[PDB]
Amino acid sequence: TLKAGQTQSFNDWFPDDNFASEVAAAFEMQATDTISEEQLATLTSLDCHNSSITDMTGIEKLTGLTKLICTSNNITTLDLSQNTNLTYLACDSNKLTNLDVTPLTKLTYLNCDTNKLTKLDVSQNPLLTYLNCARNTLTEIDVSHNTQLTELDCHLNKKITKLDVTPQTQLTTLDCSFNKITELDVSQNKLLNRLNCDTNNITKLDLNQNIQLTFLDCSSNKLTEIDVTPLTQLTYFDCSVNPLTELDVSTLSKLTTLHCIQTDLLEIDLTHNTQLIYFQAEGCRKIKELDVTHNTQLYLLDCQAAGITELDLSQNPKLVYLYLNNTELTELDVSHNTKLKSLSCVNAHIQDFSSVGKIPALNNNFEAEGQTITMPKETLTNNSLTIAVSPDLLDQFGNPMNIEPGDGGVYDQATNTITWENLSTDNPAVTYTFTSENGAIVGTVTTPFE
């Protein structure tokens, strides 16, 4: 017997006006048109995203539904106990404090991202392939019964301390970022391709079995060491904000992006990463040498704070963005880097900036303030001292710079010397600032005495 049931307006079926109105449009009808229980049951798919819906009461009557999208609404509860034919559920960006999916035994896609869930029970969903409980307030997530899971996103729950994916042998994408995870065993996830476990408390990460990762981000963790040598397919690798002291990327022939910001590395060998486009290594304070000569397609180089006294940029024609601020450089040469839109080398120990004027786009977009130069000491003669202003002090266009002595001292332009009167061994040095006429370059030259 196929019973018709009651026949009434969508507005009478669905108390929420905005919901009734969306269910109506699903049948290409108005909210005030009448429809039967048997008619309502024929709808296999519903999309009411971004509709100002607070209440989904009446959903129990749409029993033919295999797909429900209610994203970007104000829904505080969703009783889906009668919608047992659902295979796809997107209820993300709502105000759900709880969500029961235990009756939905045919469910293969579940997205409840950005809600207020404290528990989530997916143990009755054995066909699950996409679970996304991102941006909830969960403390754990048992996926032990969900063996067909290909993608898991439990990022930004904040309180997750344990994650077990040892049974998820089909996992290709994992995002467990911004939690308190301390151990991640990914050795059974042989098909893994994308891994993001950043912003956790992971101390060890064994990736030896995951030899077909293409994307890896283990940044902001507590990794003392890591072995990426087996991961020959990697194109993007990010291990920033870890206390790693040694990193071996020689096997990563396909690497395009390497981020190792704020790591403790003593050295780094980029010579085999011929395809490298982005190397971002700001705060790699222990590095004292950088050979980017084999990285011929480098588009952006950032090694701020690095202890490099020089940097051979001859082989990097494609460079558009270079960041050398806070380095130990005493020499700069960007003449072969004609694509540069932005150069920055604040707080270095540079004198001659003449190579930068070779690139006219840099005439304006150029910062080189806070230079700190240190000269060999002289002896006094009477209570006085004359010195030659360093000839290497040359600006962007190879012109002299303006000399402002740490004044008791008179700069003589003719002779390009400074003479201070009344100097004391109590205060054992003399200084002068230099500034370029465009104001892009500023520094000091300390000269000790006696």
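Numbers for residues come from their place in the sequence shown, where the first is 1.
Participant: Once you work out the mean C-alpha B-factor for both 424-432 and 438-446 from the entry, which is higher?
Facilitator: Mean C-alpha B-factor is greater for 424-432.
Participant: Read off the CA B-factors in the entry, average them over 87-95 and over 341-349, and name the higher stretch.
Facilitator: Result: 341-349.
Participant: Pick out which of 104, 260, 368, 202 has the highest C-alpha B-factor in the PDB entry.
Facilitator: Of the candidates given, the C-alpha B-factor peaks at 368.
Participant: Please work out which residue in 167, 126, 243, 307 has the highest C-alpha B-factor recorded for this crystal structure.
Facilitator: Among 167, 126, 243, 307, the highest C-alpha B-factor in the entry belongs to 126.
Participant: Taking the chain's C-alpha temperature factors as the reference, tell me which third residue 286 falls into: lowest, middle or highest.
Facilitator: Ranked within chain, residue 286 CA B lands in the middle tercile.
Participant: What third of its chain, lowest, middle or highest, does the C-alpha temperature factor of residue 138 fall into?
Facilitator: Tercile = middle for this residue's CA B-factor.
Participant: How does the C-alpha B factor of residue 395 compare with the rest of the chain: lowest, middle or highest third?
Facilitator: Its C-alpha B-factor belongs to the highest third of this chain's values.
Participant: Based on the deposited C-alpha B factors for this chain, I'd like to know if residue 35 is in the lowest, middle or highest third.
Facilitator: It falls in the middle third of the chain.
Participant: Based on the entry's values, in what third of the chain does the Cα temperature factor of residue 62 lie: lowest, middle or highest?
Facilitator: Lowest third, going by the recorded CA B-factors of the chain.
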